[PDB]
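J.:
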Amino acid sequence: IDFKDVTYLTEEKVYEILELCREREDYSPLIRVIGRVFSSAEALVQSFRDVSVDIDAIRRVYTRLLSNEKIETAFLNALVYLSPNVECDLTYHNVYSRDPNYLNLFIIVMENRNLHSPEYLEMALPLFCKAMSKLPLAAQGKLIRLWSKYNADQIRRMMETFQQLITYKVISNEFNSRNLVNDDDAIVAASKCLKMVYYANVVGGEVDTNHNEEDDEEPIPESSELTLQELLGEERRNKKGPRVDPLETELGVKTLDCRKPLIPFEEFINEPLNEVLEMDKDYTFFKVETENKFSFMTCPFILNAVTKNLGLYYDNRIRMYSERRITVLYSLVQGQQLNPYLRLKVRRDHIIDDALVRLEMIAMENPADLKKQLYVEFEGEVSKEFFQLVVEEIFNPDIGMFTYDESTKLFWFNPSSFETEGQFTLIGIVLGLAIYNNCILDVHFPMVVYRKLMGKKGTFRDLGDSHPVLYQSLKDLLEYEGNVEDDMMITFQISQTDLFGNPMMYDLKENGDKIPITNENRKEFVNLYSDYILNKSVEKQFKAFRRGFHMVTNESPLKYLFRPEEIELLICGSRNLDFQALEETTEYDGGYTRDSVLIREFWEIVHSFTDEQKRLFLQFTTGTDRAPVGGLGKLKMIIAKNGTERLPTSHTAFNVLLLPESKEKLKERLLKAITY
Amino acid sequence: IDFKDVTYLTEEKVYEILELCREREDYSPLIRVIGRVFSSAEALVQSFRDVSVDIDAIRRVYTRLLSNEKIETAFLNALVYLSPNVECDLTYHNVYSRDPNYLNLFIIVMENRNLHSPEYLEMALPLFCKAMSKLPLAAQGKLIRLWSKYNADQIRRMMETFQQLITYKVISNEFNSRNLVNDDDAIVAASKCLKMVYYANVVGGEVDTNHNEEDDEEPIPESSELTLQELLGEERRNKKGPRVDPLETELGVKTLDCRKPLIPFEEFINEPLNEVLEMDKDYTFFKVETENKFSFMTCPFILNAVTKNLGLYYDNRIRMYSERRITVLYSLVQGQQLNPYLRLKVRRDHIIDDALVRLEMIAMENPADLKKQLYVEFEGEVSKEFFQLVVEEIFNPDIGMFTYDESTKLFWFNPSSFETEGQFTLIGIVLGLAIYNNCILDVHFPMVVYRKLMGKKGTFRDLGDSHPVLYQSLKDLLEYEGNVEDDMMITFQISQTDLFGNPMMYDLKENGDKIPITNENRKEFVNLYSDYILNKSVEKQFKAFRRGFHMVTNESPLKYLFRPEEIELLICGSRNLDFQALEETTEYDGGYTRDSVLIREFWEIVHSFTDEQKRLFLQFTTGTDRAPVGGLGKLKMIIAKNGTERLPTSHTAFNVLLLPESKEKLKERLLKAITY
Amino acid sequence: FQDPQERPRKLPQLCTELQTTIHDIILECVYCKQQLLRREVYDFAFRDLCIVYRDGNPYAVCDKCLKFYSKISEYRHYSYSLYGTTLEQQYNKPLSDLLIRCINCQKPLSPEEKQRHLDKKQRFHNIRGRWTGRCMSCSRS
Amino acid sequence: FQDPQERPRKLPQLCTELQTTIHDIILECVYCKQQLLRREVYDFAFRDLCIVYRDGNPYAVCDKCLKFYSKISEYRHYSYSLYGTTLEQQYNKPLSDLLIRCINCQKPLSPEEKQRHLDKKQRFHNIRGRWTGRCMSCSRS
Ligand SMILES: [Zn+2]
Ligand SMILES: [Zn+2]
Ligand SMILES: [Zn+2]
Ligand SMILES: [Zn+2]
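Chains as they are written, first to last, in the entry's author numbering: chain A, 120 to 168, 231 to 562, 570 to 831, 834 to 851, 854 to 868; chain C, 120 to 168, 231 to 562, 570 to 831, 834 to 851, 854 to 868; chain B, 9 to 149; chain D, 9 to 149.
1. Could you tell me which of C:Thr-608, C:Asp-586, C:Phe-633 and C:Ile-617 sits nearest to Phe-599 of chain C, measuring between CA atoms?
2. Are three or more beta carbon pairs between the stretch 720-733 of chain C and the stretch 610-627 of chain C nearer than 8 Å?
3. Whole angstroms are fine: how far does the CA of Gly-137 of chain B sit from the CA of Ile-30 of chain B?
4. For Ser-298 of chain C, which of C:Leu-318, C:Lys-311, C:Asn-266 and C:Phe-256 has the nearest alpha-carbon?
5. Using the beta-carbon count (16 or more within 10 Å), is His-85 of chain B buried or exposed?
6. Please list the residues of the stretch 495-517 of chain C that have a C-beta atom closer than 9 Å to any C-beta atom in chain A, keeping them in chain order.
7. Using a cut-off of 7 Å between C-beta atoms, extract the partners of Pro-427 of chain C located in chain D.
8. So which residues touch the region around ligand 4, with touch meaning a C-beta under 6 Å from any heavy atom?
9. Does DSSP put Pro-423 of chain C in a helix, in a strand, or in coil?
10. Answer with yes or no whether the minimum CB distance from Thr-272 of chain A to chain B is below 8 Å.
11. Given that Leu-519 of chain A touches chain C, what residues does it touch there, using C-beta distances under 9 Å?
12. Does the CB of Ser-104 of chain D have a neighbour CB from chain C at under 8 Å?
13. Measuring from the CB of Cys-73 of chain B, is there a heavy atom of ligand 5 at a distance below 7 Å?
14. Could you please give the first and the last residue of the uninterrupted beta strand (DSSP E) stretch that includes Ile-705 of chain A?
15. Report the CB separation of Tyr-717 of chain C from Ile-755 of chain C in whole angstroms; it is logged as a contact under 8 Å.
16. Name the chain D residues that come within less than 7 Å of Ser-405 of chain C, Cβ to Cβ?
17. Are the stretch 641-657 of chain C and the stretch 390-400 of chain C in contact at 8 Å, needing three or more beta carbon pairs?
18. With distances taken Cα to Cα, identify the nearest neighbour of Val-785 of chain A among A:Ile-444, A:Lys-859 and A:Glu-472.
19. What are the uninterrupted segments assigned as alpha helix (DSSP H) that are 4 or more residues long and contained completely in the stretch 731-771 of chain A, given in chain order?
20. Can the beta-carbon of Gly-385 of chain A be found closer than 8 Å to that of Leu-443 of chain A?
21. DSSP three-state label for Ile-80 of chain D, please.
22. Please determine if the stretch 308-328 of chain C and the stretch 267-284 of chain C are in contact, where contact requires at least 3 C-beta pairs separated by less than 8 Å.
23. Near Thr-129 of chain C, which residues of its chain fall below 7 Å by C-beta distance, leaving aside the five closest residues on each side in sequence?
24. Report the three-state DSSP secondary structure of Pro-691 of chain C (helix, strand or coil).
25. Taking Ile-111 of chain D as part of the alpha helix (DSSP H), name the residues at either end of that continuous run.
26. Tell me whether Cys-58 of chain B counts as near ligand 1, meaning its Cβ is closer than 7 Å to at least one heavy atom of that ligand.
27. Quick one: grab the DSSP three-state call for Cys-480 of chain A.
28. Kindly indicate the opening and closing residues of the alpha helix (DSSP H) around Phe-467 of chain C.
29. Do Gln-27 of chain D and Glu-36 of chain D come within 8 Å of each other at the CB atom, strictly closer than that value?
30. Consider the Cβ of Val-362 of chain A: report whether some Cβ of chain B lies at a distance smaller than 8 Å.
31. Where does residue 566 of chain A land, buried or exposed, given buried means 16+ other C-beta within 10 angstroms?
32. Measure the beta-carbon distance from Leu-493 of chain A to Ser-661 of chain A and round it to whole angstroms, keeping in mind my assumption that it falls under 8 Å.
33. Please tell me whether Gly-761 of chain C and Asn-830 of chain C are closer than 8 Å, where the distance is taken between their beta carbons.
34. Hey, quick one: how far does the beta strand (DSSP E) through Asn-134 of chain D stretch, first residue to last?
35. Can you tell me the Cβ-Cβ gap for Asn-249 of chain C and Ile-288 of chain C, rounded? I've got them flagged as a contact below 8 Å.
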């Protein structure tokens, strides 16, 4: 009668819970006894059976049950004892090799809506996640492709399951550098569980496996490095590529291929992990996997925009520390002179024409040395403000490479450039050199520019943020009803304005005059013209911009860590403004301290001004009006009290400000120097 | 009646303990109550008063008391509570500046002979030692000079007090590298307490502050280093010298000045500290004093002969690591070629004449580079066996520098060398180069040679181990009774044999023929003739040997760590022989492991032979018959299994032995190669 | 010496076509153009190093530039470092079926040398997509 | 220029006897024999550096060899390193009454710079019997 040994939670167990809710009087342990074998290892292999699971069963089974109160305490304690001795069911027994049936014990446990109660996180839930994080590759692949058919709120509350755990775990422990964060296994697990949820939103959302770019021609390395591959005979085979997550390889999908997920990617971040985690050795866990520690950079979606550069700063430094260490070795054993920097001779009249033959020399002769740290020198007379000298000199309409669109307030690659790919190389290089040296720029690019760099082309979806007056005039074709041959006089040939002013007739078809557009190939007219201005009018120019960008950040994990939205806050900076964090990120060099008066005079003169004029000040200290990406005190302020009448000595790089040993004795001339 | 508030343990308290032992019936707490205020801080300042202490009182006071049983438990618990809050009586209150009276609370507590019971070491005794280790300098100076009047057994049982504590502390804890030994404060204290006992045996034993050498002419440094002192203007003032312990400076005495202590120095060693302590960072505590850690090399007497070189090996390595790092810098910025070694070109026919112009070039041109690691090269064709090529080539009578005395079986500096100071320079240098590179030599020097190098001359006491047939013939003068003018025909002039064979008449007095010896100036005849052969017949030759020795180990703490007895086991090696430690100090290089047969074949063929022939084998693996100083496995054996018929490839430096992949297939030719 | 299939790729493939023993092969480096040392001569066979053709000239390496430039690629092009276990789960192949060379001497890492890395848990090194290790001749101190 | 008392020892003692300002003093190094740089010129006064006489020639230093050879003495002749407290108990003197220079720039260590070492518990350096520190110009990154 009691049905103990046979499979639990079935429709037979639905009638058993219904008839044991019949005659409720003194029924205290019988419901937990008739749900206890649900909390068993092999009893969910067998019960409820590209899978063999009945989702149509269980999501009505749990509904019938909730007319009581103690069963969530009864569901809990069985799973405390389930989870370790089922963790070794794949750690040691390795049962996915033995069956594809096995996954069903996760889903039935997962669909409990009273998991929303936080009483599981004492011990119960995370070790259920740990074996779920210890699943093998194709085991995770079918599991994720099972979750490619969810609704968003099913993914949302499943996302909110692990996020609430990593809400719980930061308020659990005080983490330190002897109190390491990668040795705690649950946050390793739950984020790796959330990675599958994050990779669910890839394959569950908008998919475009097709419109990738031309595969980026990885740079020819130097004559020494080419030699060694011929010495090792591996000149036949090519590189296996960058850092690649295996779930990208296991599902065969890329997150770059995802246009829109179920719920957008920026919601999938743990923020309080970031503010307590040091990526100084988490990046050491990234390039060097360790025994009892795992890298959070292999779950990059959990990090906000504040944090993913902070490891990329650490990544470039180890490529710069090594490129310091290389020319150590060349002066030692080869006797070739110590060149520990990317020195950059320029003249302010010719900095494009200076750095073109400068960089393309290093882009030809020794392609390695671009990974050395940037160091700018003028004639006569730095590197942070150097980019500002380039940016409007490159984003000038008068230099002939870009157009500004006033409504969108963003730039765009002008396709009317003739033999300007050389100057298009540098804007790629300086875009890498800004990123690689971690500097901020005042750049207004559409996101399609960042979208096209990572490896996915421009679509109809990217056309609006580029220029909507074209984009509206093609969606209005698609949002029309009429017989568009008799209604509209539009054929495949168009009129594209040269900077002479004359629009140039371009048959996007093989004969755009001879074939017209109907209702059906209205889709085909978009799929030529949406890609026309965005991808293939500027295709030789963009690849020469891509080649400039690629040979700076190819060896960087920038493609791995980042999405094209995240590049925008990474190369273009942020528009926020803090000062309470500024006054605490200042070690007392020179002698001046915070509570003495001439510290708060800078604070009060910018707080007298509005935000744009505080940024007019912070152009001098940071380098530009654009803040560092995310937070403001991530670059520290630097004070200097060294011996007045004139303007204080203030750099952009080392963030210094000279100070004489009252409040309003220098501020008029100081703001004068600011607004000069 | 009870006498509570007034000063305790006095003769009034002697009659009080006697009259409270009168009528013993039910007297359980009264003796501990009448000894409790003895266990008080300020109550021993006042009681019992270059000092103001009554030793005549207390060493009969404790005698009258011991007719009972519970008072050693009663003496204990008061001192548990005394010791921390009296540790800050000089750590914070700093009472030695306030009085010289204060020291009396240590001595009264110390003279308890029931401290020999080990029940103090739970908590009680070491913190009594800690404040005694926290005494200031001149506070320790009078305290030690108070203990310059002890008997030996009073020092012995006081030595055995702290040694039994450091017997207790090693069996207390399992010490590691995360389980540091210098952060434990009691062993820091008790050894620093034992240092005073060790420095008691200096000033309590035989003192000779007078017969120091000529002050060793510290070498002229290189032209770069001389320049910087002229750039810093400090060419006026000289160096303050080596590592110097402040108690040597506080007492004004040196341990080198001590001929014989109360009980000899070699008894003052903790052996089980040495076998658990790593000097890898204890030497880092030696050159760099730290916050919560103190260097045991500042108590060098606690270490045996096994251990004091093990830090001196680490000391030379940091002088060799830096001298590697220096020629790193010269090839970098000066562009002067990487010279990371003391390369040594020789020809086996001329190695003295090779290394004389070799070393004296570096002893003149760049005096720094002798601290670089030794590297020997012949023409045509190493550095460990190189010294063996020098030793008999220097200790030959046929090379004309030394004589061998067959009875004593030791060498001696022959004073009959004419213009041989150049060859006397090298034997100093090679003696340093053996030590600095930590190599063992087969040298038979008298201890006076090591005695004269550290800074104390040769006495009558050192004459016997040099050559007793002279030494007996002057003590027999002193152990005679007769009127030695009418009895003995001896005047101050002597007959000293040249290697021509002719004895040379030498008036040791200003006119040794004209003044004869009587009973009184028989002392004066020794004090000329004891120093004659030992110090001043060879004085120009010994200093040229000293100058050779000095400019190799001046910057080393060899003078600090070591006594002239300890140099003998340090430069001359040891005559012990282990093999069980040899077979465990062999990591399996090549492929051969221990339990396979050809490992124990070396063991069994040397264990078939007697000891001298096992040393005939170990001349090939270590370098000579002389063992490493102290233990045998301190140099590791090295096995090699790489691909036979011929003799195995076996080095002296890297201790390698080639092995083909049975037991008696190669041993005849192997022992043949050994005994060739 | 121009077409790939006619010129030999290894010194065992060369020495008969180039009419020599392993000893008296006449060769010049790619960096230093010097007569290679005889220990260096023999290893280019054993370490299975591959013949460079600069201007139709069969070049080899010298060892002191071989260990140098391998240290250059180690410092300049280092992607990640992986356990010895982590290839058999991610490349999913036996390591003796895998061409992993030495990071210093560039001899292909031995079947027992690779099992040290699973025994003593020591990590490999990935550079330029290629895999590297530490050989037993490159394990002395 | 030969007898010690007639030739001046410092540039403030020199510049009047050698008839100049602090700016237009004509000097050559001891290592490089070059016209010293003007920041370098002014510091030899302020860092109180002392005039070398090679063959009766008043020599000074250049800074890049000054910081070099001070690093040489740091690496070659290093005796022990001591807390800022540990001089006032063992030398038993005030540190402002003590000539401690910089280990890098060889300016005499400032009375506030020495109190950093008792504040932040940072250790001095003894070399050649002389004492050294780290100045505030030599504390940037
Ligand atoms: Zn070569
Ligand atoms: Zn190797
Ligand atoms: Zn100079
Ligand atoms: Zn300085």
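Cβ coordinates follow ideal geometry from the N, Cα and C atoms, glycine included.
T.: To lay it out plainly:
1. Distances from the CA of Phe-599 of chain C to each of C:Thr-608, C:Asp-586, C:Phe-633 and C:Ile-617 were compared; the closest alpha carbon is that of C:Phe-633.
2. The stretch 610-627 of chain C and the stretch 720-733 of chain C touch, with three or more beta-carbon pairs separated by less than 8 Å.
3. Across the structure, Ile-30 of chain B and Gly-137 of chain B are spaced so that their CA atoms are roughly 32 Å apart.
4. With distances taken between Cα atoms, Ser-298 of chain C lies closest to C:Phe-256.
5. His-85 of chain B should be labelled buried.
6. Those residues of the stretch 495-517 of chain C that come within reach of chain A (Cβ to Cβ, closer than 9 Å) are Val-509, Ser-512, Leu-513, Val-514 and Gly-516.
7. Here the neighbours are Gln-98.
8. The set of residues with any CB-heavy atom separation to ligand 4 below 6 Å comprises, in chain order, D:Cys-110, D:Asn-112, D:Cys-113, D:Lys-115, D:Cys-143, D:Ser-145 and D:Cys-146.
9. Correct three-state label for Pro-423 of chain C: coil.
10. Chain B, which has no Cβ nearer than 8 Å to the Cβ of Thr-272 of chain A, makes this no.
11. What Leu-519 of chain A touches in chain C: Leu-513 and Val-514.
12. Not an interface residue.
13. Absent from the structure shown: ligand 5. Ligands present: ligand 1, ligand 2, ligand 3 and ligand 4.
14. Unbroken run through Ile-705 of chain A: none, as it is neither H nor E.
15. Not really, about 26 Å apart at Cβ, beyond 8 Å.
16. Chain-ordered, the chain D residues with CB closer than 7 Å to the CB of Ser-405 of chain C read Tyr-77 and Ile-80.
17. Result yes; three or more Cβ-Cβ pairs closer than 8 Å.
18. Ranking A:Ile-444, A:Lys-859 and A:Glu-472 by Cα distance to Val-785 of chain A puts A:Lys-859 first.
19. Counting only runs of 4 or more, we get 746-749 and 752-759.
20. Closer than 8 Å, so yes.
21. Residue state, collapsed to three classes: helix.
22. They touch, by the three-pair rule.
23. Closer than 7 Å at Cβ, skipping near neighbours: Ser-166 and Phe-167.
24. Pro-691 of chain C: strand per DSSP, three-state reduction.
25. No alpha helix (DSSP H) holds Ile-111 of chain D; DSSP gives it neither H nor E.
26. Distance from the C-beta of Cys-58 of chain B to the nearest heavy atom of ligand 1 is not below 7 Å.
27. Taken through DSSP and simplified to helix, strand or coil, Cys-480 of chain A comes out as coil.
28. Note, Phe-467 of chain C: alpha helix (DSSP H), 460-468.
29. It is not a contact, given that the beta carbons lie outside the stated cut-off.
30. So no, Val-362 of chain A is outside the interface.
31. You won't find residue 566 of chain A in this model, because chain A goes from 562 right to 570.
32. Taking a contact as a CB-CB distance under 8 Å, the pair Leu-493 of chain A and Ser-661 of chain A does not count as one, their CB atoms being some 39 Å apart.
33. Judged by beta-carbon spacing, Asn-830 of chain C lies beyond the 8 Å limit of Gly-761 of chain C, meaning their Cβ atoms are not closer than that value.
34. Element bounds for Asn-134 of chain D: 133-135.
35. With a Cβ gap of about 23 Å, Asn-249 of chain C and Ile-288 of chain C do not count as contacting.
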